[PDB]
Amino acid sequence: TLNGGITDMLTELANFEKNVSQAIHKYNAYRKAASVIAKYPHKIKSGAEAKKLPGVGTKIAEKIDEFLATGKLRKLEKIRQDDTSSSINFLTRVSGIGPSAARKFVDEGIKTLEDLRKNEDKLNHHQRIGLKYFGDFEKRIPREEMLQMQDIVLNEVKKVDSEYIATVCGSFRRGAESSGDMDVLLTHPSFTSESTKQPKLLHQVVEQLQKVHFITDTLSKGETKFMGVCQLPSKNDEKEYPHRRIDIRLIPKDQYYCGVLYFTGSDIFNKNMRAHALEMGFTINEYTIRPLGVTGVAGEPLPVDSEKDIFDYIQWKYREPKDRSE
DNA sequence: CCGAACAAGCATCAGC
DNA sequence: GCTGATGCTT
DNA sequence: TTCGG
Ligand SMILES: Nc1nc2c(ncn2[C@H]2C[C@H](O)[C@@H](COP(=O)(O)OP(=O)(O)CP(=O)(O)O)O2)c(=O)[nH]1
Ligand SMILES: [Mg+2]
Ligand code: NA
Ligand code: NA
Ligand code: NA
């Protein structure tokens, strides 16, 4: 982390614009600048040097000059003193509380963890589970625990139907030594873009992971996307493990490669890659890559038989997952 | 200067 | 009930 | 907030 102080500042600015100002484009600009700087392999010595990188403009360059001179940013230090800003920023750390709900809660004088706990009745289901596991959800998962969880998920899925294929994506698939949560891509040959030949494909997997007490709570759940909570089992008399966020995405079997590209990320990598696709005349979602016609209307899905096929279409060199951690 | 900035599933709510 | 917008999330 | 045209 050559430039950890700079990228921390930019990330804190990003979070302020998202949570407090509700300025999504400023938030993306700071995150993008933080991303391009994190992979820059020199210790930055001036805002001018940083402004040579794409995504760092005049305003971020000036902030880097102030940071490098003083070790601080006056704008952030004032933001940190403001009670409303600090409280809104804090409340958004609860899963299910966003900028709108956080500002609504602070308006009614709900502005601390203890305030949240005594007003459970004012939370929706998702928010209540995010409050319940607030402490756990801020801990990272050592890859060794990710490996144990993987083994549980893949084996339980196989007991439901040997034709399911579960793939752990996210930062885990990118080779990270720790992960924020577990991301599972799921396919079944009964579910393709051409037909759904079995109902309850995702449900059966969820209920089986619940029966073996791996899934403990549900944040949201539909036919193709599950967002919930899981926990490794612990040995006799040992401390329990923290509860962990788990996301499961059922994707049409024939669209696996677009799906695993999507779910491997990173999120910024996906944004960069989809934006480049547009510049090249394609649009990419988790299902397909399609060309844009004369009027910018999406055309027919193109054939895809690997992740690299997608990179080829937009004329990017193939990047292994471990090189997508933007 | 100015328009564009990735794409979408689930929960919730207003309106009919 | 449905449609469509918005919030929040991946 | 940044960038391309
Ligand atoms: N097009 C897009 N795609 C996205 C987006 N947000 C998330 N994703 C995709 C890519 C993520 O890796 C994947 C998982 O989402 P997750 O939050 O778990 O990201 P990890 O890479 O695993 C970091 P960790 O803290 O969990 O370790 O979902 C998005 O806005 N736009
Ligand atoms: Mg993840
Ligand atoms: Na630049
Ligand atoms: Na939140
Ligand atoms: Na996730």
Side-chain angles (χ1 to χ4, degrees), chain A residues 10 13-14 16-19 21-37 47 50-64 75 91-105 122-130 137 168-173 179-186 202 206 218-228 245-252 255 258-280 282-290 292 296 298 310 314 326:
Chain A
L10 296 177
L13 286 169
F16 169 77
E17 300 294 355
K18 189 190 161 175
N19 303 331
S21 309
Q22 305 189 17
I24 193 62
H25 298 300
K26 295 193 181 195
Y27 155 78
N28 286 326
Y30 285 121
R31 282 197 75 201
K32 161 63 75 214
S35 181
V36 64
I37 287 172
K51 188 177 188 292
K52 287 178 178 186
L53 301 182
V56 180
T58 312
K59 315 290 314 283
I60 289 183
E62 310 194 305
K63 288 175 170 61
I64 293 176
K75 184 184 178 62
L91 291 180
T92 65
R93 293 164 61 184
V94 175
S95 191
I97 302 182
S100 185
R103 191 176 280 278
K104 182 162 162 71
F105 286 138
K122 296 199 182 54
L123 301 185
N124 66 29
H125 176 77
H126 187 153
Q127 292 163 344
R128 183 161 165 163
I129 305 293
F137 289 175
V168 177
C169 301
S171 54
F172 177 87
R173 183 164 189 264
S179 296
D181 64 11
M182 167 177 249
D183 303 294
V184 184
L185 191 73
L186 187 67
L202 177 55
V206 174
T218 294
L219 302 188
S220 57
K221 182 172 175 299
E223 320 263 32
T224 64
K225 187 160 91 193
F226 176 83
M227 278 179 28
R245 281 276 291 104
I246 179 166
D247 294 321
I248 304 171
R249 180 69 178 266
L250 174 63
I251 191 134
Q255 300 176 328
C258 286
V260 77
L261 176 66
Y262 155 71
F263 225 14
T264 300
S266 69
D267 56 347
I268 300 185
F269 172 86
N270 288 351
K271 278 172 50 76
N272 293 344
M273 182 170 184
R274 295 177 183 198
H276 179 74
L278 297 173
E279 295 168 11
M280 296 302 104
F282 306 84
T283 175
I284 311 179
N285 59 21
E286 63 262 50
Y287 307 120
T288 62
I289 177 169
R290 301 167 283 166
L292 281 309
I310 307 165
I314 71 181
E326 309 199 325

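Lettering follows sequence order; numbering is per chain, from 1.
Residue A:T283 has a polar side-chain atom (N or O) positioned under 4.0 Å from OP1 or OP2 of B:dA7. Distances shorter than 4.0 Å separate none of the side-chain N or O atoms of A:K225 from OP1 or OP2 on B:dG9. Not one side-chain nitrogen or oxygen of A:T58 sits closer than 4.0 Å to the OP1 or OP2 atom of D:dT2. Listed pair A:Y287 / B:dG9 meets the phosphate criterion, a side-chain N or O lying under 4.0 Å from OP1 or OP2.
Nucleic acid contact class of A:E286 (heavy atoms, under 4.0 Å, all strands): sugar-phosphate only. Using a 4.0 Å heavy-atom cutoff across all strands shown, A:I24 reaches no nucleic acid atom at all. Residue A:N270 is classed as having no contact, given no heavy-atom separation below 4.0 Å to the nucleic acid. A:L53 comes within 4.0 angstrom of the backbone, heavy atoms only, and of no base. Residue A:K59 is in sugar-phosphate contact alone, with no base atom involved, counting any heavy-atom pair closer than 4.0 Å across all strands shown. Residue contacts shown for A:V94 are limited to sugar-phosphate atoms, with no base heavy atom under 4.0 Å away. A:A277 comes within 4.0 angstrom of no nucleic acid atom, judged by non-hydrogen atoms across all strands. At a threshold of 4.0 angstrom between heavy atoms, the contacts of A:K221 are confined to the sugar-phosphate backbone, with no base atom among them.
Here the side chain of A:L278 is nearest to one of C:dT9, B:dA11, B:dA7, namely B:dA7. Comparing B:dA8, D:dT1, C:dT9 by their nearest atom to the side chain of A:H25 picks out D:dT1. Listed nucleotides: C:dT9, D:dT2, B:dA7. Nearest to the side chain of A:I60: D:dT2.
A stacking contact between A:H126 and B:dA11 is absent: the pair does not combine a ring-centre distance of less than 5.5 Å to the base's six-membered ring with planes differing by less than 30°.
Put simply, the side chain of A:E17 never gets that close to the backbone of A:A14: no donor and acceptor are under 3.5 Å apart. Looking only at distances, no side-chain donor or acceptor of A:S179 sits under 3.5 Å from a matching main-chain atom of A:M182. In this structure, the side chain of A:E286 does not engage the main chain of A:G259 through any donor-acceptor pair within 3.5 Å.
Here C:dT6 presents its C1' atom at 14 Å from CG of A:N124, a figure rounded to the nearest Å. The distance between atom NZ of A:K63 and atom P of D:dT2, rounded to the nearest whole Å, is 8 Å. Regarding A:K32, its NZ atom lies at a distance of 9 Å from the P atom of B:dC6, rounded to whole Å. In this structure, CG of A:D181 is placed 15 Å from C1' of C:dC8, rounded to the nearest angstrom. Taking atom CG of A:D247 as the reference point, atom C1' of C:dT9 lies 8 Å away to the nearest angstrom. Atom NZ of A:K122 is separated from atom P of B:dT12 by 17 Å (rounded to the nearest Å). Between the CD1 atom of A:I284 and the P atom of B:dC6 there is a distance of 13 Å, rounded to whole Å. One interatomic measurement links the two molecules: CG of A:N28 to P of D:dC3, which rounds to 14 Å at whole-angstrom precision.
Taking the charged nitrogens against the carboxylate oxygens, A:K271 and A:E326 have no contact shorter than 4.0 Å, which rules out a salt bridge. Ion pair A:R31/A:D267 flagged as a salt bridge, since at least one NZ, NE, NH1 or NH2 atom sits closer than 4.0 Å to an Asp/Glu carboxylate oxygen. A salt bridge links A:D247 with A:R245; the closest basic N to acidic carboxylate O contact falls under 4.0 Å.
Using a 3.5 Å distance cut-off with no hydrogens or angles, the side chains of A:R173 and A:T264 do pair a donor with an acceptor. Looking at A:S220 and A:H126, their side chains never bring a donor and an acceptor atom within 3.5 Å of each other.
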Can you name the atoms? Protein N/O to nucleotides 2-4 of chain B N/O, anything below 3.5 Å, with the distance.
none

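To the nearest whole angstrom, the two P atoms, one in B:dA7 and one in D:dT2, are 23 Å apart.
Nearest-nucleotide positions on DNA chain B place A:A275 closer to the 5' end than the other of A:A275 and A:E223.
A pairwise comparison of heavy atoms in A:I64 and A:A50 identifies CD1-CB, 3.6 Å as the closest pair.
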